[PDB]
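Dumping the structure here so I can ask a few things about it.
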Amino acid sequence: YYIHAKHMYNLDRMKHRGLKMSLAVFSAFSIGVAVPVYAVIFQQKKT
Amino acid sequence: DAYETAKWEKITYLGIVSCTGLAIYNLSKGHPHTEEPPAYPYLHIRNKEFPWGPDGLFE
Amino acid sequence: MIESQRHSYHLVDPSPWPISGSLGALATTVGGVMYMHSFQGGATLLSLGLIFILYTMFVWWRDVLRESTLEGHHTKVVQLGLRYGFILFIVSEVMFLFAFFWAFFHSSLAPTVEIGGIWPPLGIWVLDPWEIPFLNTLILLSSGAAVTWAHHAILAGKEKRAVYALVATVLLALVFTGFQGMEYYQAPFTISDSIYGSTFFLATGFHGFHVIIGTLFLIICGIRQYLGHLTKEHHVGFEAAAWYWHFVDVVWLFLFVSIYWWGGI
Amino acid sequence: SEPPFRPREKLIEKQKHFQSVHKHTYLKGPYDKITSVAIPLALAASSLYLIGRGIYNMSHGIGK
Amino acid sequence: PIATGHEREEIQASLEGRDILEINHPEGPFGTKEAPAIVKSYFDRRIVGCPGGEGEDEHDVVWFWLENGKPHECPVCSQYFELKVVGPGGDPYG
Amino acid sequence: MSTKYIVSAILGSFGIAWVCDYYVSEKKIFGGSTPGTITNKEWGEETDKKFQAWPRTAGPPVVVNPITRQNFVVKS
Amino acid sequence: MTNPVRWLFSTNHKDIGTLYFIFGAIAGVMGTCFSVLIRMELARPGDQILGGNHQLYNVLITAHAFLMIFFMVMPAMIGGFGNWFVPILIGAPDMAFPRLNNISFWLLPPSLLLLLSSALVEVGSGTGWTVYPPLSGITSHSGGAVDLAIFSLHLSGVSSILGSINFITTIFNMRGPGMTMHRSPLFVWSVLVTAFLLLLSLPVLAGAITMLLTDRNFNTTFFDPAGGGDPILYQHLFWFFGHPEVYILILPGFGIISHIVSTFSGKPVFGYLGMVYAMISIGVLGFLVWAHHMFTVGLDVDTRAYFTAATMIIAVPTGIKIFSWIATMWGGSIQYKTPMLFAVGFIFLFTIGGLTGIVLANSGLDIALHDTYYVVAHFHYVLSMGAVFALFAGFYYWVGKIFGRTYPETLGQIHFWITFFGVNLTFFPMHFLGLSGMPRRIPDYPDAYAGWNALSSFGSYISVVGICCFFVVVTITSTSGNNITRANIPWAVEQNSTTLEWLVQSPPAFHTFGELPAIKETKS
Amino acid sequence: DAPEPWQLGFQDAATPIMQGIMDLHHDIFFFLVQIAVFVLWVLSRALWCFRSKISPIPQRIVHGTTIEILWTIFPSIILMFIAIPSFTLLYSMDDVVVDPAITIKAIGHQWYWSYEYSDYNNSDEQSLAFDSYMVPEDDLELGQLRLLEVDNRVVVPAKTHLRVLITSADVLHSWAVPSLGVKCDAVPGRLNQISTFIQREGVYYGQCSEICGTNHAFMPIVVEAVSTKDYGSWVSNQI
């Protein structure tokens, strides 16, 4: 654990960090622009 | 130090004695209801029926 | 130890009770809607969420008691901070009941043309404001005096009579809630009546709910004082209980005066 | 001046027991094992399933 | 009464008459002509804030990360800040 | 340093917004309709000639926007 | 398992701040998708993409308003920046009452789920942002959508009350040593004042919507006309909440802007006591006026006169604040980085919004301009520009700190310029239409107003481009392979800093303090 | 009177109320353009003359005197100047010295209006009552506007006083015609009074400004102001 670490995150360490953060932000955007559209799609799928 | 405890003990005992007397007074009253009022428009409204619809809760 | 931590504030350790309580609140809210509108899973979901909130609250207070009584993490400063937080909570509740009182007053100063321009509406048999409501005020007044007696029991080093005063107060609060229940059952008018009945019952019901929660707070403090968890110098739970009960009594006094005295006049 | 109905050394024994374990706050004690890993866990699982079913039914207008 | 741990240490200190963190209030006279304006620290290097002021003037606040080996003078009011460890001088995070 | 990049990106942003607008409201890549009052292309014509003399239910035709259009009848 | 403990369980005010930031970004994207859908529907006269179902359009406007006014600015100003930078800045260890912090944040996402499910159930909540009683009555909706939305408001309100109690007790109790109240920075001060407003006002909203709920389902007559209980009661209560609600979305913005100007002008904030007292007075006079939102409903003349006077008096202190900020740039050694860009844009566009607000504050002018897009332009400049631009400024200024990396500068300036141009094009024609007289909240407009709404619709897509650029910036920051330096940024390299939070580390270690700061406190 | 394409500012006035509104807005805008241009100028000159290449020294002043009181006082007199006309407009618009000559109830139903010029009937049941429906898309002639034309418009005599009692029957509404400068709320329980006095003939258009249920913005209002003789003929013919 990293309670006793010099940096709370120490983000550099993880495995190349690039694909992980890219997917993270893209999935954040997908959840932000998928549900609002999906609500309208479902409402038209209804009556 | 303890005089305050004694004094509030005394007045709380007085309070509960008076309250018990007043409870004896209030009870033993028959409480006969008067006649139902005429059905004014603003009484007994049902905008959306209750889940336990026909009569309100506590009846 | 403090000499290595270099500051007397409190540093808590992780506990899933925040997230669990939030999940319980979501359960309670969806169950509330599904019971408000007729649905299959309504009642069971609402009850399950409500007991979930109760359980998480129980384990949360148990954890706080465990820390502060056995681990001893409460120092003077966090002791003060707890008082600060609870005074703020009481202020919030004051504003809530202020909003309800505003609803009543805005509905009862200038009654509309559609209830005759008069108050109370014709055909609503107002309670005599002196048979039951006066007894309820006397009961809560004696309960407040008993709470003060309990506080001066704890402070004066006499840590045995504190349980006697607390149990007397709990008995008075139970008598009060019983008489409020009797008043509800013997009511000559229901909630679905005019604005008078509606605001009366909403305000009185929330006041009674606050009475229930204050009473159970007092029961918890009574059990703690019987078990010895409180001392003359270091006791915040009892002080919170006393302040909350004084709050409930003051709200009842305003409620009695305005609604029962003025509204019936 | 009277201690309240307990010897107050049972509390000292309990203090020793709590300060003499090496876990987080919410897992100390044998009571809390059962409590704070089985009751809230299964309870939240059931709550989550019922919440999902209820949202589904309300949205679709089924099972009135 | 009953107490153990942090409250016990606090109350033992307040019964013995000592203040636990009395090193956390420097409260020294302004300036350094032949006497440094001194602070105290339990670690190697520590944060210190100067509001300056003989008693009439003052500058709002300046935070400087004071260290052991080098005295540091306040940027605006120009007074020295000489540190003196009263504990084990070590990097604050080890 | 970067004013080239900033200005170029601003102009590119305007271009992209224009393309999205053209596809979504001029050709409607997402289904929709257009009123019969705008596609006729002669409706505004009659709307203006009617601001000259707007029909009425009780009384002769009367003008609208007399001030801001400076259109009104004379001695009679 | 250790990571799920550290996230779902940990108290750690910094980590709760990070969670708040992620939630704020998600909610913001959702709100912008709703806004783009609204603009797409309003692009041309006629039925554009909704193809009818104006009920769905009303649902869309309601959901957009809730999402961005409750789940985007508040979880980012209070939860986002507040949680992080109150205890770090004030010079304190972990916040007071950490468990309340965690419970508030984890209450928020269930509130989000309630709001979306309210937008998704049988038909929807087409009642607007301000749920008015008779439309939200059970005769006119009969769905349950309004019940779900009301419970969403309950959960959000309870979470914000818990957070407000947290912040008030922390500022009053958890300060460092020697630090008198008049040495805590203006960010701390604005968070204190906004927390007081959030503690006092929000329970009134809870009471009003509880009363609406028991009017709908449990069949009371609080807002049913037959039996007394006019809807004016609900208007009064909701807006007694509503205006303190809107002087909460901008006060943390004021604090952040003060800090940014102070750190870019090489000099602290001019007239510190003036700033403090002006902000306290804004907080106090945010309560004494609440019906300046309902001039056209039938109040008597004297109430209208009084609320006119109250709005003017609340206008004065913001003027003091803006002039103070202008003064504290007269020093010199400015440096036009992106946080300074966004602070300057904040000041300018908030000035424009405030002047429009003054135009709206009078009575007769509100008689002519009630519920027309003039009001929409007013509060979109004020709220969007002010709050969101302060948010972006704070985000750059302190992503210098949270993650430890730093954004690329040309992309930061590109994003500022794109967003400024787009969102200032798309909201000025709202002023013009409001003057023309089109009513607010309509899916179709007469042919006359079709001229500008094609031009405003051209403004939303630029802002979408800006937001996509912003997320590219966030990703390139989180994967930037070049840490914090002196050539990149000159802030954190300061061996002497006005604010305490810059001289600690790149991210704070875990307790933010191996040992608390001190204060010399002379005159022995 | 009617909305115009690519229009800046208010429509045309046909009521002393609307004249007052135009004048008040113009005075307010005069003062506030002065304020805005001065603030923008001072901000720009502060940013530009101290741009890191002329003044690289912070110059360190933090306490200011006799200028803080100046920008505390001068905005106060600005507010006094821009609140002198508003109060006068309010307290000269409230008074109705003259008796109203007619009375036109405007009951705001759910998605369509209704009117009753009830003051012409000898009985109790009301004569001269009708409904104001929006004309659908395909029921228009080549000239009229879209979703803003009404069957059987409101008729009103011109150059003579009025008194319209706004009220509703289903949900909140608002009677709102901008060219007359009339906007008020129809709340299902109350009966709001609006005293207006048109000055010229012609037709004036307006819309609902409050969220009614689903056909909001399809619930329009049309008021004709016609000569008194023609109004008399129309009423006698409608009875």
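As written, the chains take the letters A, B, C, D, E, F, G and H, and residue 1 is the first residue of each chain.
Heads up, the rule we're going with is that a residue touches a chain if its C-beta (ideal position, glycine included) is under 8 Å from a C-beta of that chain, and two chains touch if they have at least 3 such contacts.
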- Count how many hops through touching chains it takes, at the least, to reach chain G starting from chain D. 1
- Taking the mean of all protein C-alpha atoms as the centre, the chain whose own C-alpha mean lies closest is G
- Note on the structure: A count of C-beta pairs in contact puts on top the pair G-H
- Distance between the CA centroids of chain E and chain F (whole Å) is 72
- Between the Cα centroids of chain B and chain D the separation in whole angstrom comes to 37
- Centre to centre, by mean C-alpha position, how many angstrom separate chain D and chain E? 44
- Note on the structure: Cα centre of chain C to Cα centre of chain F, whole Å, reads 61
- Message: Quick check on chain H: which residues sit in contact with 2+ other chains?
- Response: 2, 4, 11, 60, 62, 145-146, 189
- Task: Could you list the positions in chain F whose residues touch two or more of the other chains?
- Result: 35, 37, 43, 47
- Multi-chain contact sites of chain B, meaning residues that touch two or more partners: 41-42, 45-46
- Under the touch definition given earlier, write down the residues of chain G that touch chain E in their complex. 91, 177-179, 183, 268, 272, 495-500, 503, 509, 514-524
- Message: With touch defined as at the start, can you tell me which chain C residues reach chain G in the complex?
- Response: 6-7, 9-19, 21-23, 25-26, 29-30, 32-33, 36-37, 60, 77-78, 80-81, 84-85, 88-89, 91-93, 95-96, 98-100, 102-103, 106-108, 111-112, 114-115, 121, 191-196, 198-199, 202
- Please give the residue numbers of chain D that touch chain C in the complex, ascending. 1-6, 8, 11, 14-15, 18-19, 24-26, 28, 35-36, 39-40, 43-44, 46-48, 50-51, 53-55, 57-58, 63-64
- Message: Touching residues of chain B toward chain C in the complex: what are they?
- Response: 1-2, 4-5, 8-9, 11-12, 15-16, 18-19, 22-23, 26, 29, 31, 33-34, 37-38, 40-46, 51, 56-59
- Item | Residue numbers on chain E that touch chain C, as the complex places them | 1-10, 20-21, 42
